[PDB]
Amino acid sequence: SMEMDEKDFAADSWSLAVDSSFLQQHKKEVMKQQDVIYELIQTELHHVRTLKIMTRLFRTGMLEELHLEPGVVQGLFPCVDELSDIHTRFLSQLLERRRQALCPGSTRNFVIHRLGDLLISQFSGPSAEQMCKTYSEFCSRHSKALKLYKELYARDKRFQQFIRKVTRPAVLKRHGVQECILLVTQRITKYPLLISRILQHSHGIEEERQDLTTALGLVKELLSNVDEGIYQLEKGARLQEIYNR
């Protein structure tokens, strides 16, 4: 993450991020709504950050420092470039929506009134097709990645030393290779929980309640499609085991 965005999302909530004189000017319902929108953006910022650790720290460090067999790094980090592209663009739109809403003379005071439309766009059309295809591929390669990691860590000394070196800093405590893979797989199922709670506090403007209800439906259709498109790949699985599923 970049320092500007980390400081903007350093507080535990929107109510602690904005100035108290700005907070005092809003109704409790607006504060409740904003606290959940802030959590959605803050967790999207952390999710893009998990994808940067996977591409820049792990993937690139392995290509530049290790001598692994071709197609091994791809098996450890499937679809990471596509995932980073999808989520970096989504994060850009969320961060620009907050930025446009800042009061003049402030870098922290804002209210987002129109999130629904942005969520309908992300979870419909070509971008939704790309999210569906990418997560169906990623989640089907999830087990294979964990087994390949475990194999390399057990048999390669230089791979063990590389992992121990790059994951030693305290800021990487929750972000080992296997933890990053599960963080990414679990991301998509966090969306309906966040959107449902935002919707619970967005009844004031009927157009907004409607757009969030449509976005919630679109996310659920996407998850249902991803869940139905999963079949775990296994290294060395024979055709007979596959067609006898």
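By rigid core we mean the largest C-alpha set that fits within 1.5 Å across both forms. For every residue, the number given is its place in the sequence shown, counted from 1.
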By Cα RMS to this form in 9 other deposited structures of this protein after fitting the core, the stretch ranking higher of 172-180 and 63-71 is 63-71
Entry-level comparison of average CA B-factors, 69-77 and 115-123, reporting the higher stretch: 69-77
Test of understanding: from the entry's C-alpha B-factors, which stretch has the higher mean, 12-20 or 232-240? 232-240
Looking only at 108, 175, 158, 142, the Cα with the top B-factor belongs to 158
Checking the record values for 52, 46, 32, 26, which has the greatest CA B factor? 26
Sort the modelled residues of this chain by their C-alpha B factor and say whether residue 202 lands in the lowest, middle or highest third. middle
What third of its chain's C-alpha B-factors does residue 149 belong to: lowest, middle or highest? middle
Could you place residue 56 in the lowest, middle or highest third of its chain by Cα temperature factor, using the values in the record? highest
The third of the chain into which the C-alpha temperature factor of residue 83 falls is the middle
Quick check for you: using the entry's CA B-factors within this chain, is residue 211 in the lowest, middle or highest third? middle
